[PDB]
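The structure appears below as C-alpha cells.
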Amino acid sequence: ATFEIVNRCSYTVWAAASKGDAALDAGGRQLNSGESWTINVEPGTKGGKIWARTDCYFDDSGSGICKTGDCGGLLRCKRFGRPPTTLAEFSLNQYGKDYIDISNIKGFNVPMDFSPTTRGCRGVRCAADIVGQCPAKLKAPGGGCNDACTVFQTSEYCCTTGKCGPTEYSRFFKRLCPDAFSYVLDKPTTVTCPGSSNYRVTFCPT
C-alpha cells in the first residue's frame, strides 16, 4: 500500500513509520513545512504506526534526539516512539479489510488527519489544540500532552488488568478528539476500509 505523509505544519517534523520491530519503508524522514513523503507498506502489515517527531537533532549518521516521539535516537525508526505521540495506526489486508484509526493512548504532540486516497471509507482526524488545553499534570516539558498512563503508571490508566474505565484524563482527550482512541478500552473509532487501500497522513491538517 502507498502512504503519502504530508507536513502541513508551519514547523519541521520528522515523520516516523514502524511496525514495532522493524521500520516501514525508510522508517523516518525530515519533512519541512509543505513537504510530502511517499512510502510503500507491505500488504498484510499488522500493527503499523505513523507519527511525527518534533525538535529533533541528528548527526551525519542519523543518530540524535527528538523532544517528542524519539525512537531510540534514530532518524530511521525501527521501534515505536517515546510519548507523547499522536498515532496513525493501521493493520492492512486483515481478512480482506484494512483497519485504520488515530489514537491518543500515547498522548498527543501534533494534530493529524488520516484519510484514504482510494474509495470506500472515511478518514479520521484529531486536529484540536490538545497541547494548548492540556491539563497541567499531563503537560510534557518537551512539548505535547502526555497520556495518564505514561505519567502515573497505574493499573487504571494503563488498563493493565484488562478492566479499566474512562478517567478524567481520558475524557479530556475524548472531548477534544472524539474520533481518536482516548484509553485502551475506549469504544473503538476504528474505520474499516477495503483491503489494499491507499492513504494520506497529514500533519496539521487545518
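Here Swiss-Prot sets the residue numbers for chain A, with the shown residues being 23-228 in order.
For this deposited structure, the header notes the method as X-ray crystallography, 1.7 Å.
Just so it is clear, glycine is given a Cβ too, placed from its N, Cα and C backbone atoms.
The Cβ of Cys31 (disulfide bond) lies under 8 Å from the Cβ of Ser55, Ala74, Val132, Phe225, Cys226, each of which sits 6+ residues away along the same chain. What Swiss-Prot lists as disulfide bond is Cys31-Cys226 (among others).
Per Swiss-Prot, disulfide bond is recorded for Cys78-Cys88 (among others). Within 10 Å of the Cβ of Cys78 (disulfide bond) there are 20 other Cβ atoms, across all protein chains. Reduced to three states, the DSSP call for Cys78 (disulfide bond) is strand.
Taking all protein chains in view, 29 other C-beta atoms sit within 10 angstroms of the C-beta of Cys99 (disulfide bond). Swiss-Prot lists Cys93-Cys99 (among others) with the feature disulfide bond.
Taken from Swiss-Prot, the feature disulfide bond applies to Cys143-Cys215 (among others), supported by experimental evidence. The Cβ of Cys143 (disulfide bond) has 18 neighbouring Cβ atoms from other residues within 10 Å, across all protein chains displayed.
Annotation for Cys148 (disulfide bond): spatial neighbours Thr108, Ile124, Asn126, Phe130, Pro133, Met134, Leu198, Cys199, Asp201, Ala202, criterion Cβ-Cβ under 8 Å with sequence separation of six or more. Secondary structure at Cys148 (disulfide bond), as computed by DSSP, is strand. Taken from Swiss-Prot, the feature disulfide bond applies to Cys148-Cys199 (among others), supported by experimental evidence.
Sequence-distant contacts of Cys167 (disulfide bond), defined by Cβ-Cβ distance under 8 angstroms and a gap of at least six in the same chain, are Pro106, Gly129, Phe130, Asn131, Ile152, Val153, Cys156, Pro157, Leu160, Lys161, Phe195. If you look up Swiss-Prot, you'll see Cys156-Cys167 (among others) marked as disulfide bond.
The disulfide bond annotation in Swiss-Prot covers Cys171-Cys180 (among others) and is backed by experimental evidence. Residue environment of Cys171 (disulfide bond) contains 24 other Cβ atoms, counted within 10 Å of its Cβ in all protein chains. Under the three-state DSSP scheme, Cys171 (disulfide bond) falls in the helix class.
Among the features that Swiss-Prot reports, disulfide bond is placed at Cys181-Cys186 (among others), with the record citing experimental evidence. Cβ neighbours of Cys186 (disulfide bond) (same chain, under 8 Å, six or more residues apart in sequence): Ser177, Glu178, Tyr179, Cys180, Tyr205, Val206, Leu207.
Cα proximity to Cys181 (disulfide bond) (within 10 Å) is found for the following disulfide-bonded residues from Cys93, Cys171, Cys215: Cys171. DSSP assigns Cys180 (disulfide bond) to a helix.
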